[PDB]
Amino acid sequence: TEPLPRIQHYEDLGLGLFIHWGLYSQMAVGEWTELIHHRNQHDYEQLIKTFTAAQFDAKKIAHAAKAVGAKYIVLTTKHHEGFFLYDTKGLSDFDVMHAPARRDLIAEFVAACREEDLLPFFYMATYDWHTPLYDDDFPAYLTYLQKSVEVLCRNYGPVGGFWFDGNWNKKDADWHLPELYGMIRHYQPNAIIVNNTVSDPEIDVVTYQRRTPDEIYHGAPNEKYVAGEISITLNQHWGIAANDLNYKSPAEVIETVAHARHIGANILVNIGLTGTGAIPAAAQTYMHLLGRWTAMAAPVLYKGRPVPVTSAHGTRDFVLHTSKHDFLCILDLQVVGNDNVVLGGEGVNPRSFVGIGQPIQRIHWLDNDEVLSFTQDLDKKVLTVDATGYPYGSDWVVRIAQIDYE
């Protein structure tokens, strides 16, 4: 079937920014610290006393997303640690209104998203380490969880979506999703519901591993269409981790964003804020670099969809389709030098594709408007382009050629 309108709109977002921020951030040793480091719960939960949010500016967060070319932001409203970054209106004492911050961060967040035309999404951990209900009274925990979501559904106006994480902790339990998701549909009919593991008809989006090779499953031929989403964090941790030096290359990040679109998914890129809610400078660097790429890729990043056009043997190239154009996404290009300074990209570089049966008028690189030479066999639907290398002084990692039809 056809995607519901809100899921079409979701797939058009393309790229989101994931933001991890909680009490864990003050320790800068990763978001699972309370459990994995076997911390004393009483002592860990005292971090609420120093949660000032002194450097959280939701406008700067929203601006970061805008600059990277993201169209939505997923904020951690409550992680496994169980601390709420919003006013739970009496549900819990373990929330930002009982911290020196005394600010509803979610309220600030939603306002900042709307000012930048971004959808606000709320991450909610369903595996909870704070409330004894989780282990001691799971049905009552489900009521608590659902109430926590109800607050997010009812106090902030329209919400882009919800991002649930933790049902995997009790794979065999009845999580009462008809009632949780049904409550969401009542207050937030157009919210996107994402469950990180379909576990319920009301799910709109399924999550996958970034190295999923093949196109995404969209559901059975006569069932509801569900979108897909991949996630990457810049190092090994999601929350800030000061001694995690194992950052990915910006090149891998770009390739992963491209790859998401290739397989018909969205992608979240994650940053972990500091204890006080600042975007770390390391993250800003990744945002600037990916942001250059996404600005260049704008004509296809959002509306582009996978299409049955494959690339030749031995190539990682791929094709994205919009209603007016096809786009060749071309990888493993090298920089062009001279006759006596050779950087690798100077030879004619035929890249082929199978599945285009219409005569083409023009093909051009989005980065510099260079027109490419090509040949077609329309009977067998072959396209071969001379994919010229990068002008010296540039390297886009994934280069994009726009096809214009006759």
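Position 1 is the first residue in the sequence shown; the rest follow in order.
- Per the record, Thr276 and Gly277 are directly connected, as no deposited residue between them is missing from the model.
- The PDB entry records a higher mean C-alpha B factor for 214-222 than for its counterpart among 158-166 and 214-222.
- Averaged over their C-alpha atoms, the temperature factors of 22-30 and 38-46 are higher for 38-46.
- Out of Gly272, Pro250, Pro120, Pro139, the entry records its largest CA B-factor for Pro139.
- Highest CA B-factor among the listed residues (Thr285, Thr76, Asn246, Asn196): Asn196.
- In the PDB entry, a CA B factor belonging to the highest third of its chain's modelled residues is recorded for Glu179.
- Among the modelled residues of the chain, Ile400 sits in the lowest third by CA temperature factor in this PDB entry.
- When all modelled residues of the chain are sorted by CA temperature factor, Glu255 is found within the lowest third.
- Per-chain ranking of the deposited C-alpha B factor places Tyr86 in the middle third.
- Among the modelled residues of its chain, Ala295 has a C-alpha B-factor that falls in the lowest third, as given in the PDB entry.
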